[PDB]
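The next block is model_36.pdb, given as PDB, C-alpha atoms.
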```pdb
ATOM      1  CA  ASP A   4     -44.624 -22.026 -26.613
ATOM      2  CA  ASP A   5     -45.017 -24.739 -23.989
ATOM      3  CA  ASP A   6     -47.878 -26.234 -25.997
ATOM      4  CA  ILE A   7     -45.500 -26.635 -28.939
ATOM      5  CA  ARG A   8     -43.027 -28.419 -26.683
ATOM      6  CA  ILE A   9     -45.644 -30.782 -25.306
ATOM      7  CA  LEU A  10     -47.007 -31.557 -28.784
ATOM      8  CA  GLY A  11     -43.465 -32.429 -29.845
ATOM      9  CA  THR A  12     -43.325 -35.223 -27.248
ATOM     10  CA  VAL A  13     -46.210 -37.148 -28.838
ATOM     11  CA  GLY A  14     -45.306 -40.327 -30.712
ATOM     12  CA  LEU A  15     -47.350 -39.630 -33.847
ATOM     13  CA  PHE A  16     -45.918 -36.096 -34.067
ATOM     14  CA  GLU A  17     -42.326 -37.347 -33.699
ATOM     15  CA  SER A  18     -41.154 -36.295 -37.157
ATOM     16  CA  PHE A  19     -43.198 -33.092 -37.383
ATOM     17  CA  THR A  20     -41.466 -29.883 -38.390
ATOM     18  CA  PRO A  21     -41.762 -26.810 -36.153
ATOM     19  CA  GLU A  22     -44.278 -25.504 -38.694
ATOM     20  CA  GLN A  23     -46.427 -28.633 -38.475
ATOM     21  CA  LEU A  24     -46.377 -28.403 -34.677
ATOM     22  CA  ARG A  25     -47.521 -24.781 -34.905
ATOM     23  CA  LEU A  26     -50.418 -25.706 -37.208
ATOM     24  CA  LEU A  27     -51.308 -28.348 -34.663
ATOM     25  CA  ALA A  28     -51.224 -25.877 -31.775
ATOM     26  CA  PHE A  29     -53.357 -23.446 -33.790
ATOM     27  CA  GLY A  30     -55.744 -25.946 -35.362
ATOM     28  CA  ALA A  31     -56.377 -28.006 -32.238
ATOM     29  CA  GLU A  32     -58.893 -26.912 -29.616
ATOM     30  CA  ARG A  33     -57.875 -25.425 -26.269
ATOM     31  CA  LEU A  34     -60.276 -26.636 -23.588
ATOM     32  CA  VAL A  35     -60.739 -25.764 -19.941
ATOM     33  CA  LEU A  36     -62.438 -28.754 -18.329
ATOM     34  CA  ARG A  37     -64.301 -27.940 -15.125
ATOM     35  CA  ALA A  38     -64.107 -30.115 -12.012
ATOM     36  CA  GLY A  39     -66.266 -33.205 -12.390
ATOM     37  CA  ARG A  40     -66.434 -33.199 -16.181
ATOM     38  CA  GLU A  41     -66.315 -36.667 -17.690
ATOM     39  CA  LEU A  42     -64.149 -36.592 -20.809
ATOM     40  CA  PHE A  43     -65.172 -40.014 -22.083
ATOM     41  CA  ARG A  44     -66.254 -43.492 -21.036
ATOM     42  CA  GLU A  45     -64.950 -47.008 -21.521
ATOM     43  CA  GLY A  46     -66.037 -48.561 -24.813
ATOM     44  CA  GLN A  47     -67.016 -45.232 -26.361
ATOM     45  CA  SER A  48     -65.854 -44.575 -29.939
ATOM     46  CA  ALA A  49     -62.955 -42.135 -30.228
ATOM     47  CA  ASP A  50     -62.135 -39.577 -32.913
ATOM     48  CA  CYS A  51     -59.843 -37.311 -30.921
ATOM     49  CA  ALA A  52     -56.862 -37.248 -28.594
ATOM     50  CA  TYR A  53     -56.382 -35.044 -25.534
ATOM     51  CA  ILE A  54     -53.175 -33.572 -24.192
ATOM     52  CA  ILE A  55     -53.040 -32.289 -20.625
ATOM     53  CA  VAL A  56     -51.507 -28.848 -20.173
ATOM     54  CA  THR A  57     -52.447 -28.231 -16.537
ATOM     55  CA  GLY A  58     -54.597 -30.059 -13.998
ATOM     56  CA  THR A  59     -55.293 -33.706 -13.238
ATOM     57  CA  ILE A  60     -57.490 -36.304 -14.928
ATOM     58  CA  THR A  61     -58.415 -39.601 -13.276
ATOM     59  CA  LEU A  62     -58.556 -42.734 -15.419
ATOM     60  CA  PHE A  63     -60.982 -45.361 -14.193
ATOM     61  CA  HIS A  64     -62.776 -48.596 -14.852
ATOM     62  CA  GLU A  65     -66.414 -49.085 -14.049
ATOM     63  CA  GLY A  66     -67.979 -51.947 -12.138
ATOM     64  CA  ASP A  67     -71.126 -53.558 -10.791
ATOM     65  CA  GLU A  68     -70.113 -52.562  -7.256
ATOM     66  CA  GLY A  69     -68.724 -49.138  -8.140
ATOM     67  CA  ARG A  70     -66.195 -47.219 -10.225
ATOM     68  CA  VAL A  71     -62.588 -48.429  -9.961
ATOM     69  CA  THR A  72     -59.747 -45.902 -10.173
ATOM     70  CA  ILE A  73     -56.769 -46.839 -12.331
ATOM     71  CA  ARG A  74     -54.480 -43.846 -11.833
ATOM     72  CA  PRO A  75     -54.333 -40.035 -12.095
ATOM     73  CA  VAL A  76     -52.487 -38.354 -14.981
ATOM     74  CA  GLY A  77     -51.047 -34.867 -15.212
ATOM     75  CA  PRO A  78     -49.327 -32.345 -17.513
ATOM     76  CA  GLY A  79     -47.831 -33.879 -20.647
ATOM     77  CA  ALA A  80     -50.135 -36.912 -20.675
ATOM     78  CA  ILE A  81     -51.637 -37.828 -24.044
ATOM     79  CA  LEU A  82     -55.061 -39.514 -23.928
ATOM     80  CA  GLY A  83     -56.444 -41.446 -26.908
ATOM     81  CA  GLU A  84     -53.446 -41.033 -29.209
ATOM     82  CA  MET A  85     -54.319 -43.905 -31.550
ATOM     83  CA  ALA A  86     -57.716 -42.293 -32.194
ATOM     84  CA  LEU A  87     -55.729 -40.053 -34.549
ATOM     85  CA  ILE A  88     -54.999 -43.102 -36.708
ATOM     86  CA  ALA A  89     -58.353 -44.884 -36.679
ATOM     87  CA  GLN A  90     -61.664 -44.866 -34.857
ATOM     88  CA  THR A  91     -60.733 -46.538 -31.580
ATOM     89  CA  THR A  92     -62.599 -47.610 -28.448
ATOM     90  CA  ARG A  93     -61.888 -45.742 -25.223
ATOM     91  CA  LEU A  94     -59.957 -48.253 -23.116
ATOM     92  CA  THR A  95     -60.831 -46.437 -19.885
ATOM     93  CA  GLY A  96     -63.072 -43.742 -18.481
ATOM     94  CA  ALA A  97     -61.693 -40.282 -17.745
ATOM     95  CA  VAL A  98     -62.885 -37.473 -15.491
ATOM     96  CA  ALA A  99     -61.350 -34.104 -14.615
ATOM     97  CA  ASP A 100     -61.270 -34.032 -10.810
ATOM     98  CA  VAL A 101     -59.941 -30.472 -10.900
ATOM     99  CA  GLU A 102     -60.163 -27.654 -13.423
ATOM    100  CA  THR A 103     -58.031 -29.050 -16.213
ATOM    101  CA  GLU A 104     -56.635 -27.400 -19.335
ATOM    102  CA  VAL A 105     -56.245 -29.746 -22.285
ATOM    103  CA  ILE A 106     -55.520 -29.593 -25.984
ATOM    104  CA  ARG A 107     -58.025 -31.572 -28.039
ATOM    105  CA  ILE A 108     -56.823 -32.883 -31.386
ATOM    106  CA  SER A 109     -59.233 -34.376 -33.914
ATOM    107  CA  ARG A 110     -58.168 -37.082 -36.355
ATOM    108  CA  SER A 111     -59.320 -34.714 -39.099
ATOM    109  CA  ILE A 112     -56.958 -31.931 -38.092
ATOM    110  CA  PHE A 113     -54.080 -34.402 -37.621
ATOM    111  CA  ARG A 114     -54.477 -35.730 -41.159
ATOM    112  CA  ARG A 115     -54.621 -32.192 -42.553
ATOM    113  CA  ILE A 116     -51.265 -31.475 -40.867
ATOM    114  CA  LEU A 117     -49.709 -34.433 -42.713
ATOM    115  CA  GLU A 118     -50.178 -32.705 -46.072
ATOM    116  CA  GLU A 119     -47.973 -29.853 -44.843
TER
ATOM    117  CA  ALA B   2     -35.817 -42.720  -9.610
ATOM    118  CA  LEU B   3     -38.136 -45.599 -10.520
ATOM    119  CA  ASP B   4     -41.001 -43.359  -9.386
ATOM    120  CA  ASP B   5     -39.852 -40.749 -11.896
ATOM    121  CA  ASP B   6     -39.659 -43.392 -14.637
ATOM    122  CA  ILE B   7     -43.199 -44.586 -13.965
ATOM    123  CA  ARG B   8     -44.569 -41.032 -14.091
ATOM    124  CA  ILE B   9     -42.760 -40.302 -17.356
ATOM    125  CA  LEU B  10     -43.839 -43.558 -19.006
ATOM    126  CA  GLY B  11     -47.407 -42.845 -17.914
ATOM    127  CA  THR B  12     -47.583 -39.768 -20.148
ATOM    128  CA  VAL B  13     -46.800 -41.776 -23.284
ATOM    129  CA  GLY B  14     -49.833 -42.224 -25.545
ATOM    130  CA  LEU B  15     -49.260 -45.926 -26.125
ATOM    131  CA  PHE B  16     -48.970 -46.584 -22.370
ATOM    132  CA  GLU B  17     -51.971 -44.382 -21.496
ATOM    133  CA  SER B  18     -54.301 -47.115 -20.252
ATOM    134  CA  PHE B  19     -51.643 -49.060 -18.324
ATOM    135  CA  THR B  20     -52.253 -49.813 -14.653
ATOM    136  CA  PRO B  21     -49.624 -48.624 -12.158
ATOM    137  CA  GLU B  22     -48.563 -52.282 -11.943
ATOM    138  CA  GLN B  23     -48.098 -52.455 -15.721
ATOM    139  CA  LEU B  24     -46.125 -49.199 -15.787
ATOM    140  CA  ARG B  25     -43.885 -50.624 -13.064
ATOM    141  CA  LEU B  26     -43.236 -53.771 -15.114
ATOM    142  CA  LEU B  27     -42.436 -51.509 -18.045
ATOM    143  CA  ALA B  28     -40.059 -49.398 -15.971
ATOM    144  CA  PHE B  29     -38.289 -52.559 -14.789
ATOM    145  CA  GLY B  30     -38.194 -54.101 -18.262
ATOM    146  CA  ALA B  31     -36.832 -50.892 -19.742
ATOM    147  CA  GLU B  32     -33.136 -50.368 -20.455
ATOM    148  CA  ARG B  33     -31.430 -47.187 -19.231
ATOM    149  CA  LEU B  34     -28.884 -45.587 -21.560
ATOM    150  CA  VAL B  35     -26.547 -42.666 -20.960
ATOM    151  CA  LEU B  36     -25.758 -40.849 -24.202
ATOM    152  CA  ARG B  37     -22.668 -38.671 -24.448
ATOM    153  CA  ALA B  38     -22.892 -35.382 -26.337
ATOM    154  CA  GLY B  39     -22.609 -36.014 -30.065
ATOM    155  CA  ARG B  40     -23.744 -39.634 -29.838
ATOM    156  CA  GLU B  41     -26.235 -40.810 -32.415
ATOM    157  CA  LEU B  42     -28.989 -43.106 -31.237
ATOM    158  CA  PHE B  43     -29.816 -44.376 -34.717
ATOM    159  CA  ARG B  44     -29.589 -43.591 -38.423
ATOM    160  CA  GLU B  45     -32.490 -42.219 -40.459
ATOM    161  CA  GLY B  46     -34.151 -45.049 -42.392
ATOM    162  CA  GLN B  47     -32.680 -47.710 -40.114
ATOM    163  CA  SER B  48     -34.919 -50.600 -39.074
ATOM    164  CA  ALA B  49     -36.561 -49.863 -35.721
ATOM    165  CA  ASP B  50     -37.505 -52.390 -33.027
ATOM    166  CA  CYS B  51     -37.593 -50.158 -29.965
ATOM    167  CA  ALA B  52     -38.628 -46.776 -28.630
ATOM    168  CA  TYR B  53     -36.585 -44.269 -26.657
ATOM    169  CA  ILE B  54     -38.047 -41.938 -24.052
ATOM    170  CA  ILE B  55     -35.954 -38.978 -22.935
ATOM    171  CA  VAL B  56     -35.565 -38.552 -19.183
ATOM    172  CA  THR B  57     -32.920 -35.827 -19.057
ATOM    173  CA  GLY B  58     -30.982 -34.030 -21.786
ATOM    174  CA  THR B  59     -31.502 -32.743 -25.313
ATOM    175  CA  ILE B  60     -31.612 -34.529 -28.653
ATOM    176  CA  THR B  61     -31.633 -32.852 -32.058
ATOM    177  CA  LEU B  62     -33.808 -34.518 -34.697
ATOM    178  CA  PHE B  63     -32.581 -34.101 -38.261
ATOM    179  CA  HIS B  64     -32.911 -35.219 -41.873
ATOM    180  CA  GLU B  65     -29.946 -36.463 -43.890
ATOM    181  CA  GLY B  66     -29.711 -33.989 -46.770
ATOM    182  CA  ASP B  67     -27.776 -33.809 -50.034
ATOM    183  CA  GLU B  68     -24.900 -31.930 -48.407
ATOM    184  CA  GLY B  69     -25.240 -33.043 -44.788
ATOM    185  CA  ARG B  70     -27.604 -33.048 -41.817
ATOM    186  CA  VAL B  71     -30.572 -30.685 -41.842
ATOM    187  CA  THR B  72     -31.977 -29.949 -38.390
ATOM    188  CA  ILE B  73     -35.681 -30.480 -37.731
ATOM    189  CA  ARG B  74     -36.093 -29.521 -34.072
ATOM    190  CA  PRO B  75     -34.769 -30.381 -30.593
ATOM    191  CA  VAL B  76     -36.553 -32.765 -28.199
ATOM    192  CA  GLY B  77     -36.268 -33.009 -24.422
ATOM    193  CA  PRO B  78     -37.663 -34.770 -21.320
ATOM    194  CA  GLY B  79     -40.820 -36.751 -22.038
ATOM    195  CA  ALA B  80     -40.310 -37.016 -25.791
ATOM    196  CA  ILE B  81     -40.602 -40.490 -27.259
ATOM    197  CA  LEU B  82     -38.767 -41.623 -30.373
ATOM    198  CA  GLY B  83     -39.957 -44.666 -32.316
ATOM    199  CA  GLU B  84     -43.258 -45.224 -30.503
ATOM    200  CA  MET B  85     -44.740 -46.724 -33.674
ATOM    201  CA  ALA B  86     -41.958 -49.320 -33.777
ATOM    202  CA  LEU B  87     -43.621 -50.979 -30.780
ATOM    203  CA  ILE B  88     -46.793 -51.793 -32.714
ATOM    204  CA  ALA B  89     -45.851 -51.828 -36.404
ATOM    205  CA  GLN B  90     -43.028 -52.556 -38.828
ATOM    206  CA  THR B  91     -41.220 -49.223 -39.099
ATOM    207  CA  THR B  92     -37.972 -47.435 -39.878
ATOM    208  CA  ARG B  93     -36.447 -44.409 -38.151
ATOM    209  CA  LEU B  94     -38.247 -41.363 -39.561
ATOM    210  CA  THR B  95     -35.385 -39.019 -38.666
ATOM    211  CA  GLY B  96     -31.807 -38.976 -37.489
ATOM    212  CA  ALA B  97     -31.194 -38.204 -33.817
ATOM    213  CA  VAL B  98     -28.104 -36.971 -31.980
ATOM    214  CA  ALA B  99     -27.580 -36.037 -28.331
ATOM    215  CA  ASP B 100     -26.741 -32.335 -28.022
ATOM    216  CA  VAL B 101     -25.669 -32.766 -24.411
ATOM    217  CA  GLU B 102     -25.287 -35.740 -22.077
ATOM    218  CA  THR B 103     -28.716 -37.338 -22.318
ATOM    219  CA  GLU B 104     -30.424 -40.151 -20.441
ATOM    220  CA  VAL B 105     -33.049 -42.218 -22.209
ATOM    221  CA  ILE B 106     -35.311 -45.144 -21.405
ATOM    222  CA  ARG B 107     -35.256 -47.830 -24.101
ATOM    223  CA  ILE B 108     -38.393 -49.908 -24.557
ATOM    224  CA  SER B 109     -37.981 -52.968 -26.741
ATOM    225  CA  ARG B 110     -40.886 -54.283 -28.770
ATOM    226  CA  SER B 111     -40.471 -57.625 -26.976
ATOM    227  CA  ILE B 112     -40.839 -56.095 -23.499
ATOM    228  CA  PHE B 113     -43.929 -54.172 -24.569
ATOM    229  CA  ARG B 114     -45.400 -57.365 -26.018
ATOM    230  CA  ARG B 115     -44.742 -59.414 -22.857
ATOM    231  CA  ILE B 116     -46.651 -56.908 -20.739
ATOM    232  CA  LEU B 117     -49.720 -57.188 -22.963
ATOM    233  CA  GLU B 118     -49.616 -60.972 -22.501
TER
END
```
Take the structure I supplied and represent it as structure tokens, if you would.
Amino acid sequence: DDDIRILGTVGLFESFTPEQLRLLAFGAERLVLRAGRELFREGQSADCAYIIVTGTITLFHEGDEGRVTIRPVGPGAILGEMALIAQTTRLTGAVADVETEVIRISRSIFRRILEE
Amino acid sequence: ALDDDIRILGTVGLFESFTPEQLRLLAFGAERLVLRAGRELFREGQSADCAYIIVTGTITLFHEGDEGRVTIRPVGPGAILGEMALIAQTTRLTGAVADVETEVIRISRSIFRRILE
């Protein structure tokens, strides 16, 4: 039920019915990211969004003299939302510093929800 | 708290890649509104030039039907209304009314734009 609530906070899902949110929760992929797993990198093409359920992901920029940390994000955070609208570039890098549970939503599944 | 505002704004998809400094600017540029129970934020189909993020309280989203309001679902802390208004020409997709006393953060398109400049 909490996944439904979190999905309902997302901008693109603003006008979704409870049924559409359910389809989303069912159709999207539940992922348990292990500590150290890099979700994506800066400049990489994006076709999915991530929503954090539990855990902490660090957003970072890279650099000639090392990786630069932007900020950590936690439960409720939506990563790569506009990738649901078009193929976007990852604006930052992202790594799960701890075991992190996310919901992954593909653009494909988002668009299928629209027809409901 | 400002610290609470920054954390909340940092969960919003559109503000995802913002630095802590940018989120701070956003939190300062934002307008705080206290909505009494029964207050409507906007009308369905109305032109939209700003987004609202709920801090505390409950808002019912609804569609204006043939014989009155038809409830969609309730939204609470963290929900954003009108996010697309910040980056595109849009109208309010639904109606919205505060069920209880509700505090929201209002982000104008102009504030959002200034930060990206």
If you take all atoms listed in the file and a cut-off of 10 Å, which residues of chain B touch chain A, and what are their nearest atom pairs and distances in Å to one decimal, in chain and number order, as a tab-separated table?
```
residue	atom	partner	partner_atom	distance
B:8	CA	A:76	CA	8.4
B:9	CA	A:80	CA	8.8
B:10	CA	A:80	CA	9.3
B:11	CA	A:80	CA	7.1
B:12	CA	A:80	CA	3.9
B:13	CA	A:81	CA	6.3
B:14	CA	A:81	CA	5.0
B:15	CA	A:84	CA	7.1
B:16	CA	A:81	CA	9.3
B:17	CA	A:82	CA	6.3
B:18	CA	A:94	CA	6.4
B:19	CA	A:73	CA	8.2
B:20	CA	A:73	CA	5.9
B:21	CA	A:74	CA	6.8
B:22	CA	A:73	CA	9.9
B:52	CA	A:14	CA	9.5
B:54	CA	A:12	CA	9.1
B:55	CA	A:12	CA	9.3
B:62	CA	A:18	CA	7.9
B:63	CA	A:18	CA	8.9
B:64	CA	A:18	CA	9.6
B:72	CA	A:20	CA	9.5
B:73	CA	A:20	CA	5.9
B:74	CA	A:21	CA	6.6
B:75	CA	A:11	CA	9.0
B:76	CA	A:11	CA	7.1
B:77	CA	A:12	CA	7.9
B:78	CA	A:12	CA	8.2
B:79	CA	A:12	CA	6.0
B:80	CA	A:12	CA	3.8
B:81	CA	A:14	CA	5.8
B:82	CA	A:17	CA	6.5
B:83	CA	A:14	CA	7.1
B:84	CA	A:14	CA	5.3
B:85	CA	A:14	CA	7.1
B:93	CA	A:18	CA	9.4
B:94	CA	A:18	CA	6.3
B:95	CA	A:18	CA	6.6
B:96	CA	A:18	CA	9.7
```
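Going from atom CA of residue 68 of chain A over to atom CA of residue 46 of chain A, you cover 18.5 Å.
Going from atom CA of residue 61 of chain A over to atom CA of residue 26 of chain B, you cover 20.8 Å.
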query = Which residues fall under the PyMOL selection byres ((chain A and resi 87) around 7) in this file, as a VMD selection string?
reply = chain A and resid 50 to 52 84 to 86 88 to 89 109 to 110 113
query = In file coordinates, which residues lie within 9 Å of (-26.0, -41.4, -27.9) using all atoms listed in the file, given as a VMD selection string?
reply = chain B and resid 34 to 43 60 97 to 99 102 to 104
Given the selection you just returned, output its residues as a file containing C-alpha atoms, formatted as a compact mmCIF listing (two decimals), in the coordinates of the input.
```txt
# COMPACT_ATOMS: atom_id res chain seq x y z
CA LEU B 34 -28.88 -45.59 -21.56
CA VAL B 35 -26.55 -42.67 -20.96
CA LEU B 36 -25.76 -40.85 -24.20
CA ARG B 37 -22.67 -38.67 -24.45
CA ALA B 38 -22.89 -35.38 -26.34
CA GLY B 39 -22.61 -36.01 -30.06
CA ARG B 40 -23.74 -39.63 -29.84
CA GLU B 41 -26.24 -40.81 -32.42
CA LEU B 42 -28.99 -43.11 -31.24
CA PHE B 43 -29.82 -44.38 -34.72
CA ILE B 60 -31.61 -34.53 -28.65
CA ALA B 97 -31.19 -38.20 -33.82
CA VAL B 98 -28.10 -36.97 -31.98
CA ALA B 99 -27.58 -36.04 -28.33
CA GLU B 102 -25.29 -35.74 -22.08
CA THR B 103 -28.72 -37.34 -22.32
CA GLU B 104 -30.42 -40.15 -20.44
```
inquiry  = The residues within 12 Å of (-34.1, -51.9, -11.9), using only C-alpha atoms and the coordinates of the file, should be reported as JSON, numbers by chain; which are they?
reply    = {"B": [2, 3, 4, 6, 7, 25, 26, 27, 28, 29, 30, 31, 32, 33, 106]}
task = May I have the residues within 8 Å of residue 43 of chain A as a list in words, using all atoms listed in the file and disregarding those fewer than 2 positions away in the same chain?
result = residues 41, 45, 47, 93, 96, 97 and 98 of chain A
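Rounded to one decimal, atom CA of residue 100 of chain B and atom CA of residue 7 of chain A lie 19.6 Å from each other.
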task = I would like the residues chosen by the PyMOL selection byres ((chain A and resi 39) around 9) on the shown file; could you give them as a ChimeraX atom specification?
result = /A:36-38,40-41,98-102
message = Selection in question (the file shown): the PyMOL selection byres ((chain B and resi 46) around 7). Which residues does it include, as a VMD selection string?
response = chain B and resid 44 to 45 47 to 48 92 to 94
